[PDB]
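Working notes, structure below.
Just so it is clear, A, B, C, D, E, F and G label the chains in written order, and each chain counts residues from 1 on its own.
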Amino acid sequence: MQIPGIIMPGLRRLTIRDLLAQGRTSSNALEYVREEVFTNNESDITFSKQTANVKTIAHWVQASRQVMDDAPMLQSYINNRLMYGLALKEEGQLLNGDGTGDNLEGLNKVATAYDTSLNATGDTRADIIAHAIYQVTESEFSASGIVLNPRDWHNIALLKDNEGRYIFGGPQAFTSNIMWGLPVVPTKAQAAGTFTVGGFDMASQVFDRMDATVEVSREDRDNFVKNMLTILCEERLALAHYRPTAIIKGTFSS
Amino acid sequence: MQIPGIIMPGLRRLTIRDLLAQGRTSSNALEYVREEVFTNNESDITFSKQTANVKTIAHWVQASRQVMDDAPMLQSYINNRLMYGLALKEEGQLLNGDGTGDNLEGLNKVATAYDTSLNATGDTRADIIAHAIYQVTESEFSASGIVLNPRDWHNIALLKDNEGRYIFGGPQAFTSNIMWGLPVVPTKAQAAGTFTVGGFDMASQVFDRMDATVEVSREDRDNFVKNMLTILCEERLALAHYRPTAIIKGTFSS
Amino acid sequence: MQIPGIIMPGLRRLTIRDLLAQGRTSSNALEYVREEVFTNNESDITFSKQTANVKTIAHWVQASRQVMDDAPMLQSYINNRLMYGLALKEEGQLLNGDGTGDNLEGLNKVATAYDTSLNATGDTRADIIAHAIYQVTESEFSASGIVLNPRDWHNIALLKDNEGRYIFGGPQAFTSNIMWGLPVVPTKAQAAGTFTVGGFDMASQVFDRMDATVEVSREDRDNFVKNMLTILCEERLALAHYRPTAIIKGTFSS
Amino acid sequence: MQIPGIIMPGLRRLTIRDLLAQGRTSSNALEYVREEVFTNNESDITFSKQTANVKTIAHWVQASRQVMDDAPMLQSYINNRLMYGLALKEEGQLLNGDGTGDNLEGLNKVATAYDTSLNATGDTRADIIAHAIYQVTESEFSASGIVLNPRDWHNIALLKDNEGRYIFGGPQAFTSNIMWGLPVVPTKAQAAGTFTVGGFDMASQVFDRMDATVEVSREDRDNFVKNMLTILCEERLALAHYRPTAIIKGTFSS
Amino acid sequence: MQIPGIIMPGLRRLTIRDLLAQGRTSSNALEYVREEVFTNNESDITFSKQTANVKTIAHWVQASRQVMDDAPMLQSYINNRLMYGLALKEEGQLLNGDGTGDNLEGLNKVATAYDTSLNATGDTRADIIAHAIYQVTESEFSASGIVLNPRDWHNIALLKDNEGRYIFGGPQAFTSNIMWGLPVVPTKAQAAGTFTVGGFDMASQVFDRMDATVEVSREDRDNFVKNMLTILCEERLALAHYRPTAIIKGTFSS
Amino acid sequence: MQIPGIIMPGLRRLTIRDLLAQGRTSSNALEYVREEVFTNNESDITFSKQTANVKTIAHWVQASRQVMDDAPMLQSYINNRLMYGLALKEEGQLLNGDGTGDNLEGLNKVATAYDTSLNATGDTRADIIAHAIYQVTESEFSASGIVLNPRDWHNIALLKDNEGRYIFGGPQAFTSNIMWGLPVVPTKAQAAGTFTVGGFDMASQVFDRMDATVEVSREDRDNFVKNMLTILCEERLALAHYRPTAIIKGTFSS
Amino acid sequence: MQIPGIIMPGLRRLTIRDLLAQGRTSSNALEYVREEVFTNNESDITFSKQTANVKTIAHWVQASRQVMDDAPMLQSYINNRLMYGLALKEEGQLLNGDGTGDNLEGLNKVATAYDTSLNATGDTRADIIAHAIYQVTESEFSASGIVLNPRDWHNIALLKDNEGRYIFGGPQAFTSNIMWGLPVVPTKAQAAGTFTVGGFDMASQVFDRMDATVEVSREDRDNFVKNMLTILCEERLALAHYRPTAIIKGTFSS
């Protein structure tokens, strides 16, 4: 359709995407050479010329015919609503990406599973993320941040040690969460009960093929016969995962 | 008319309004999309094109003649009372919107009724709100927050177990009523005994036709002689309700 | 008088005045319209045309002849004493104001009484202030802070459970702030055993007519006859109380 | 001999005298009016016409004539040495005064006794300084700093809560430390086992009659002839104590 | 403002002041050297560095405006009636000088007590004063004068032996206040029954900072109302005591 | 074929490199003087003029044929992988330098072995690091840091006592380590179970001969038949060791 | 040839010198007055004009010949070796100053011997240092710090009670070992088994005549024929000892 003059990234809290390295491409796939499995014990190291396919994320809204024909400001209205919704599913593919059919391969699928052996009789949830922050070290890279579920972070932050003394100072700073001196990501994307820690800033990279643009058709499908309108917001992403060992995913067993 | 430029989100909590998605417009009404019948079993989903009328919210507080003209700084004072007095009534329309005649249709009206079948012998009020957050999921959407009445939130915070300890006490968790971890909005406007859980930021949208303007008359009605004054503040809103199933309304029964 | 407008502000920083809304005027008295009785149940709302008279606050202290002649820097010491002493009695009128005669009506006089019925078998002093914060909700506004007496606050911070652990992040909790996510100003300006919780920031407003000034007499009363000099310090205020229901005053009964 | 261009206290950590308000005067004594006994309950307040005598602190130094003429930079140093030693004994008076004849009446003498009734079954040293910081509230002034003895304050930074983890770790924060969030002062002047909390910048004031200076003559006793030396160093102070209630002094019972 | 050296009616004898040595100073206080203990036998003399503060003596009189402002009238009257009236209270400060707060350190407060061991089996009140005159000697000073109470002096002046002959005659031949060739000084200030003998002309001396100055108020207390006027008379002097042992006070046992 | 100068050298951690003294040279070897054997008992000290050869540290990343042809920004990215990869393997030579054939003589080899003698019945791992910090003293220089393996550091931080309390309230002391008040480095290049303590800043120095230059080949070995590449990134370093006794290498025995 | 300006050498490295008062002169000697005999009981203090000769300390190291002219990396390195090498024996002359002919007289020589009588049956080494800090009081001065040998500090460190708990020394605070609170200096220069306590900052003073100079010779003895390079270090100091009784030197009885 025609040029949506505005491209709005986000508001209140933006986290999952801004953690990864970004760069653009102009192809339908990407090839590179990364380290696959480092079996540290006789030790061995696996390598691969892995392929990273690009997909087409897109969701649409079916506003009235009237909406576009008039479109005094109701156009810009919806134009800022698709760019936002597309970012939600984008944030969902970049993290909890199933890796299945057409879905992207998300941080959580690639990630190396948390080492259950680090847990010790009587560790607090906090202790676990701590252990986790360590497991990243066995890769030989520094952790970048902690991605917990808003609810879980709000149970960990409000955690007082055995002595009642406030550990994280619960209330204090929201969204930045300098847990262990490291910034935390409280996103609703992260499924409750699941936690992710790694050195995102250089373990994976997002590759843009086409900027998020919003187009609107009035002659798509049986719309012209049902008085309907499709407002497609397309986008082509390709999430690479240079180092899996630098990312970890586990589960709180309470 | 004077200068109505006091965009001031109070000094505490931006309630109910900031929970919804906002947008501009310049029309008499708005036709859109809504989820009609979600046949969950092969499953199917129905959508329709509903109408959302734009109502002229004109709140008013009876004043007097002498008061309004004597004080110099009163010019800016009356401005801080009408931009706030309108926001209080705006909340009463946004949440508990009657739907009758000219009133707006608000969250609590549209909302799908809580499912009594989820309760189980011996559940705490907290257990219910939990069941609630789940019901939102039967619509395949994530919940956004919990809207309780300040009083109810207080009693839920002081919940004890069988030994006498305090279960996730909310003394500190007041601003961040974040129940189990979902940022609650202990909004005043919520009727005591009633609770609302939903994915607000993706279920309804507030449409602004005209910024909150403030006017004052002395010759309107029997004011001039009864030493009175009408404090009229006009504003044109329009509350949309895309996905009703995403919002839930229940009642604590005890 | 040859008095400088120099003031070494409350160093440690205090807050009976800083809690309230401030604004200036150039009138003998201020008029407005507040909310009297909000009977929340058929509900009703009472309003009234109220007048907030400007009162001149001027405290003083006498002196000897040896405090007048030399004046190299003693002329400036007496200043810092009255400039501060005027502020001490200021907290006395804005808090425990009698309201009789020429005095001001203070937060504590106007405030609605605490609801004894909220107390429960075995609540901590903290549990009370909690109930208090709620009572403020019955007005439909959020509380802003907690005004306790330095000794009471101290005994609350040092609260212990049945195991022996400390409650409020342990012992150190001085600057009397975030007591349950809410700043709690400590000034025995507040009578011992008495507490005040309310939405100060928008329930009452301080109106200034004239900045504080100092003055000295030599022929004021018994002075000249008894070898004395009376040193004054004038100021003109005007306290308004828009929402009485937003402020609560109770007593720890034990 | 008037010949000692630019001499000021240096090194160390800057305490004291700096904690107190400073001023000039051209008299051998100072008169004022302070508050004696504040009976806070009908309440009453006692006042007294007090006098603060000016006391001289002096001390010469013998250092050969050749070491004066041939050693000019050493002269430049003997000055820095005397200036220091003078200001060192100055600290002694200002803190551990006496009232005895020529000595100054200092902070610790004027001080109000610590209230033994605030202690509770099982308080740590810290807990006490805490109670103390409170006792200063009864005066209705804010505590300014904590004056402990280097060794005591030392045995404080290494104060971990009952659960091994430090209440406050043992970094250093030498004297700039904010115990409880307030500036402390570990001076060897403060007697071991003695602690002083107060609102110094308000409670007392140092009065200078003459700046600290160093002169050279070489005519004292059988010196000018038996080859000895005379290099003086003197000053005239006067410590006043306005509010004694603002200064607290106690003892750690080990 | 116009008459400093006025022909004030001097009670024939300038009584106490005339007995002392007089000087002048333009300072707040005075630093001299007294003699504490003189052991006359190897002999030894003890000295001490003492300080004598300057105080401001003052009294007052009420009078009408017109008659006060007239100028050729009571102006010259009140100027002479006050310089004398002040001399009566000044006379009480130089003798019964409390030595306390604002009071002067008077002759009686310093005196060494009379030596009862000198009294002889049955000797007149006269004999005692004579003994006192001797007791002075052990200071190394000659006694200067005698200070009795008027009534007492009168009775001591009418003393008779066993037959009738006046112990010293006196009627008609009475020269002018002089017993044993020593002045009598009949002062109302000298408490009845008490007597002071010492070497005033050298052992102690008065210290004038300012000649008797007088001001007049009109708006002083309820004067402007009752048509009154307050006439504060000022004068600031001190009193040193170079030899305590030289001054002696006792009590007539009768 | 040159592409990047040096881009951005090191990212997260700067260890062995930054812990050591740096300087550059333009020769193939260096000659200096170090301490050989310190016989501490008559005591003696041996010295030796030693030669520090320049060794070439080169780490390569096997690339694909696709990587080159499709590099509009992909070639730029690979450069950001060799600048960090060379520095990563650099921490492995400057630390675990074998000493065989060409490998550099690294800290761990040169270092004087830990004195098993110091270990005592029942010592925590921390006790050992302490013991080690001491052993450095026998050289007569003080240590400057502790280099443990990230995992080991984690277990040392979560060290509990007999009651269960946490000796070090530093689970967040993950980033950097200030164990025993010393700037420890969690350089994981450090073998698991191996620890290094010394006065690095004064024991060894890194000598740069040539900045990291990069060349690319496609016909080396049997690449052209395997669709591979060899991006040789050469670098010429020279690790000197002035004071071996200042460094210590130990092993936790448990 | 020209030695560059003063570099920051010992990072975290300086005590003995940094402990003493530092002055600066431009003469080859300094005549002050040390305290000869202090008879603490009527007490008396004896003084005597003492000469503090300005000696020139030196320390030499060996080096390369052909690479000297290069610099090109060598001369700049050889510079940083004598700048610190001069400071190694610097503490040796100020601490263990022999006193023989040209040597300096150091703290440990001037010092008053420890009083064996304070030792009590069964005292920890800790107890001794305590006793020591006291013996300094007997001279009537405040102790400044404790100078133990690194090893000794480590043993006083791991001190345990009868149960098995650790007393204090050794842990994190292993730096300025504030034993009790007096900063302990674990310097290498202090002979093993010897301890020095005093009020350094006031007992002695270091006097600088000329900044650190360093010279090089190549024709020195066998050098030119043996391919060697001797390098002396020059500097003019002057250690004065004002109050000897303030310093103490003892020995632990093992």
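Here is the rule we use: a residue touches a chain if its C-beta (ideal position, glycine included) is under 8 Å from a C-beta of that chain, and two chains touch if they have at least 3 such contacts.
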A student comparing A-C to F-G should find more C-beta pairs in contact for F-G
Quick check: how many Å separate the C-alpha centres of chain C and chain D? 34
I'd like the Å distance between the centres of chain B and chain D, where a centre is the mean of that chain's Cα atoms. 60
In whole angstrom, how far does the Cα centroid of chain D sit from the Cα centroid of chain G? 31
Per the C-alpha means, the centres of chain E and chain G lie apart by a whole-Å value of 70
If you look at chain B, which of its residues touch at least two other chains? 172-173, 175-176
Quick one: label the inter-chain contact graph as line, ring, star, complete or other. other
By the document's touch rule, what are all the touching chain pairs in this structure? A-B, A-C, A-D, A-F, B-C, C-D, C-E, D-E, D-F, D-G, F-G
List of chain F residues in touch with chain G within their complex: 23-27, 30-33, 47, 49, 120, 127, 130-131, 133-134, 137-138, 140-142, 144, 178-182, 201-202, 205, 207
Residue positions on chain D within touch of chain A in the complex are 161-163, 165, 167
List of chain D residues in touch with chain G within their complex: 61-64, 66-67, 70-74, 77, 80-81, 149-155, 158, 169-170, 186, 188, 227-228
Which chain F residues qualify as touching chain D in the complex? 160-161, 163-170, 181
Using the touch definition up top, name the residues of chain D that touch chain E in the complex. 27-29, 49, 51, 53
